[PDB]
Amino acid sequence: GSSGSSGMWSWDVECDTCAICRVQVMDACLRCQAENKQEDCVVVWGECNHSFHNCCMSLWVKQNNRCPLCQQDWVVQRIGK
Ligand SMILES: [Zn+2]
Ligand SMILES: [Zn+2]
Ligand SMILES: [Zn+2]
C-alpha cells in the first residue's frame, strides 16, 4: 500500500518583523540567539510605529539612520519587551 499525502502550505500571518536581521522582533536576533544575549535583545519601538531590535537598530543607524521599513527619520519612541 502506497503512502498518504503530505505538504502543508504557509501564510503571511507573521508581520512586523525586524527587517535588519529578519528575525521575530519579539525574540532575540540570530546574533543574540547564538551568543545567548537574548536577555539583552530587547524591542525598540519607533515613532513610525515600527518595532526593531535595540541591538540591530543601533547597528543599522551606523550605515542608514532611517527606518528600513519607511525610510523615515528614525526616532526611538520607547524601549522594552
Ligand atoms: Zn533584528
Ligand atoms: Zn539581538
Ligand atoms: Zn518605520
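The PDB entry annotates the chain as RING-box protein 2 originating from Homo sapiens.

Okay, the coordination of the zinc ion (ligand 2) next. Ideal geometry at a metal centre: 109.5 degrees between donors when four sit tetrahedrally, and 90 or 180 degrees when six sit octahedrally. With distances of 2.2 to 2.3 Å, the protein atoms coordinating the zinc ion (ligand 2) are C29 (SG), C32 (SG), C41 (SG) and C55 (SG). One can describe the site at the zinc ion (ligand 2) as tetrahedral: its four donor atoms subtend angles covering 101 to 123° at the metal. All donors to the zinc ion (ligand 2) come from one chain, and their sequence spacing reads C-x2-C-x8-C-x13-C. A separation of 5.8 Å is found between the zinc ion (ligand 2) and the zinc ion (ligand 1). The exposure class of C29 is buried, given its relative accessible area of 0%. Overall, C32 belongs to the buried group, its relative accessible area being 9%.

The subject of this paragraph is the UniProt feature "binding site: Zn(2+) 2" in the chain. Within this numbering scheme, the UniProt entry marks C48, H50, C67 and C70 as carrying the feature "binding site: Zn(2+) 2". Across 23 residues, the annotated set stays spatially compact, with a maximum C-alpha separation of 8.9 Å. Position of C48 among the secondary structure elements: in the loop between strand 1 (43-46) and strand 2 (51-53). Take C48: its relative accessible area is 21%, and that puts it in the partly exposed class. In this view, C48 contacts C67, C70, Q72 and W74; residues no more than four positions away in its chain are not counted.

Reading the values: rules and limits
- Residues numbered from 1 in each chain as written, not as in the entry; some residues may be left out.
- Chains lettered and ligands numbered in written order.
- Heavy atoms only, no water.
- Donors = N, O, S within 2.8 Å, 3.2 Å for Na, K, Ca; no water.
- Tetrahedral: all angles 85-135°; square planar, octahedral: opposite > 155°, others 65-115°.
- Buried < 20%, exposed > 50% of the residue type's maximum accessible area, 1.4 Å probe, protein only.
- UniProt positions renumbered as here; feature names shortened; annotations may be inferred.
- Helix = DSSP H or I, 4+ residues; strand = E, 2+ residues; numbered from the N terminus.
- Contact = heavy atoms within 4.5 Å.

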